[PDB]
There are 2 protein chains.
Amino acid sequence: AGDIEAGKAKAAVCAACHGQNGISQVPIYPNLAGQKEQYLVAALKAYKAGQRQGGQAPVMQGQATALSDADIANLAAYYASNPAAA
Amino acid sequence: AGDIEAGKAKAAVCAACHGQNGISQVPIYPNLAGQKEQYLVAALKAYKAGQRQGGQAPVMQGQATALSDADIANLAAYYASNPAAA
Ligand code: HEC
Ligand code: HEC
């Protein structure tokens, strides 16, 4: 499981691209707010493991390689907890 | 330019996993409703090109390779138009 408060603190770096509310403001960055928690965890692990390529995947990989598995769990719990609409 | 209507019709083969409204029930299948359209197109092209690996990506890769680029544009348009909340 993840710590939502810890996830929210860690999300400060993520906000620049995915929005302060998990809703992106740029069309090429995905919304994360209210996404399935387990899927968020799987996606983060894939970026961290260099398993996602193409388009802007390298940009996101650069943002995931330095995350611990606990950071990943916290971040996913936090984003999943946000309302998908805001 | 994706046709929402054509996308909605093509979506019947997607609904079993991603939900009829773009919100899934299975916690490892991501929600698609209200996601950024350009991102939806990029993610689909990535699966179609074998660019996403790890976890359950092979499952989605199997569902994307039979999609034409027009199908991808229509599907992204459709899902992006759906309300993120339902
Ligand atoms: C902009 C410079 C980014 C920063 C800072 C972070 N992310 Fe990101 N992320 C960005 C892009 C370009 C993409 C799409 C890459 C692709 O595969 O085409 C992503 C993707 C994600 C995802 C996947 C979303 C999904 O599959 O629906 C996740 C879960 C994600 N990003 C999380 C995330 C976190 C928690 C970050 C801070 C620690 C973070 N991203 C920063 C761009 C950028
Ligand atoms: C279940 C058997 C699936 C069917 C039918 C379809 N999709 Fe799917 N999709 C599935 C999984 C397992 C996942 C996650 C893959 C991973 O990388 O872990 C996905 C993912 C997508 C995505 C990526 C969303 C994101 O947030 O990045 C998209 C855009 C997507 N799927 C679209 C989609 C469409 C349009 C389909 C029908 C033509 C389709 N999926 C069917 C599982 C399944």
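The first residue you see is number 1, and the count goes up from there.
If you check the header, you will see the structure was determined by X-ray crystallography, 2.2 Å.
Heads up, the Cβ atoms here are built off N, Cα and C, so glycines get one too.
According to Swiss-Prot, the protein has these features:
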BINDING   B:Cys14, B:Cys17, B:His18, B:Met60  heme c binding site
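Around B:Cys14 (heme c binding site), the same-chain residues at least 6 positions away in sequence with a Cβ under 8 Å from its Cβ are B:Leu32, B:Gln63, B:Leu75. The binding-site residues considered are B:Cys17, B:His18, B:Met60; of these, B:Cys17 has the fewest other C-beta atoms within 10 angstroms of its C-beta. The heme c site is set by B:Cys14, B:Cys17, B:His18, B:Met60; from the centre of their CB atoms, other residues of the chain with a CB within 8 Å are B:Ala15, B:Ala16, B:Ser24, B:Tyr29, B:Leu32, B:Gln63.
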